[PDB]
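What follows is one structure encoded as structure tokens, with my remarks underneath.
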Amino acid sequence: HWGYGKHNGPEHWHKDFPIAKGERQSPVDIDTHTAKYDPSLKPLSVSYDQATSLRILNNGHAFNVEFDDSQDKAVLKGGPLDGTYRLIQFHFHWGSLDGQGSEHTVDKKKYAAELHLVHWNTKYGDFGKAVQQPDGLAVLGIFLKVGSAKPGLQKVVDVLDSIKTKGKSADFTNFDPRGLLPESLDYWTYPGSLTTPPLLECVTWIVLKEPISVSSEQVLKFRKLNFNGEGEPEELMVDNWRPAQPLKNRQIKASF
Ligand SMILES: [Zn+2]
Numbered sequence: 004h005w006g007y008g009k010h011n012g013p014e015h016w017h018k019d020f021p022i023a024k025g026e027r028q029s030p031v032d033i034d035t036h037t038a039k040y041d042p043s044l045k046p047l048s049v050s051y052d053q054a055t056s057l058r059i060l061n062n063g064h065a066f067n068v069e070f071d072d073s074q075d076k077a078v079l080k081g082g083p084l085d086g087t088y089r090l091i092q093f094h095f096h097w098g099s100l101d102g103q104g105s106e107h108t109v110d111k112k113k114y115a116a117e118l119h120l121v122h123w124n125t126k127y128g129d130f131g132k133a134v135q136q137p138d139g140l141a142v143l144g145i146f147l148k149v150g151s152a153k154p155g156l157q158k159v160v161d162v163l164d165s166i167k168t169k170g171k172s173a174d175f176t177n178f179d180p181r182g183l184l185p186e187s188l189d190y191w192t193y194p195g196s197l198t199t200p201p202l203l204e205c206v207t208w209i210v211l212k213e214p215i216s217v218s219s220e221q222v223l224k225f226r227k228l229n230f231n232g233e234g235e236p237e238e239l240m241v242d243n244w245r246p247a248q249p250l251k252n253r254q255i256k257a258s259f
């Protein structure tokens with residue numbers, strides 16, 4: 004029964020998920036003056052040309068676009084990663100207002116939203132096993148600012164009417180996640196966690212330096228979703244972000 008409200012939100016999560024207070028929790032503030040350039044990091048390899056989207060679901064926390072991860076169709080490798088990580092889903096975190104919504108911050112700056120492309124280490128055979136390993140996941144984080152429309156996001160925005168409430172899903176085939184990427188693959192990377200319960204410390208975070216621009220109308224449509232199920236009182240799905248967690252004993256490395 005975790006959520007983002009006064010009574011079940013991030014300040015409460017540690018009671019059911021004591022790892023909430025652990026040594027590698029996400030997200031974090033990225034202090035751009037403290038992050039060290041690591042000239043030994045490889046270019047990120049994003050290979051999404053055979054990505055097969057299945058469906059889009061409102062899970063009462065965000066909406067997830069799910070992919071067929073039964074072969075190496077859409078993979079992330081290189082950068083800080085050893086081996087091959089398979090895309091399983093993406094989702095976003097967003098605000099009630101354009102001045103908040105992102106989970107990661109950059110020199111304490113909050114973006115309007117953050118996209119998370121979730122990938123799992125193929126050496127662990129399935130997603131559920133991967134989340135129990137310290138190198139099990141690679142999450143590609145992309146900031147969203149409000150400006151010009153992102154044409155490659157509009158197919159997502161258009162289906163949100165059909166999944167307004169918790170538990171609603173829709174067919175979402177032939178969606179090309181390449182249309183969500185900025186021009187530059189320059190990134191920061193650090194070891195961290197899932198930013199929602201169960202907050203497992205299984206994530207290599209790769210956060211892109213260059214945000215994508217979306218329109219105010221595109222972000223407004225995210226804000227019209229519901230955390231509640233059909234027939235329950237309307238709670239708008241806004242402010243579904245975890246605030247920045249203590250960096251503790253961690254170095255953020257820059258690719259640039
Ligand atoms: Zn996320």
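Heads up: the sequence shown begins at 4 in the entry's author numbering, then just goes up one per residue.
Cβ atoms here follow ideal geometry from the backbone N, Cα and C, with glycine treated the same way.
Check: residue i C-beta below 8 Å from any heavy atom of ligand 1
i	result
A65	yes
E117	yes
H96	yes
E106	yes
residue 3	The requested residue 3 does not occur in the structure, where the chain is confined to residues 4 to 259.
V142	yes
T198	yes
When the options are compared against residue i, the one with the closest alpha-carbon
i	options	result
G98	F225, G82, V109, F230	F225
residue 3	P46, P137, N61	This structure gives no information on residue 3, because the portion of the chain shown stretches from 4 to 259.
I22	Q254, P249, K256	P249
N177	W191, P201, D52	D52
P83	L228, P200, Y193	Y193
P180	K18, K76, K212	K76
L223	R27, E213, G150	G150
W16	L239, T199, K227	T199
CB of residue i within 9 Å of CB of residue j, strictly
i	j	result
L90	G139	no
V78	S48	yes
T207	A141	yes
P46	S258	yes
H64	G6	yes
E233	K171	yes
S187	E106	no
Rounded separation between residue i and residue j - CA only
i	j	result
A54	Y114	27 Å
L100	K169	22 Å
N124	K251	25 Å
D161	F95	15 Å
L184	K153	10 Å
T35	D110	6 Å
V68	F93	5 Å
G81	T87	8 Å
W191	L120	15 Å
Nearest-angstrom beta carbon gap, residue j and residue i [assumed within contact, 8 Å]
i	j	result
residue 271	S56	What is shown of the chain runs 4 to 259, which leaves residue 271 out entirely.
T108	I255	The Cβ separation is near 12 Å, so there is no contact.
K167	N243	Actually they do not touch by this definition, with Cβ atoms about 15 Å apart.
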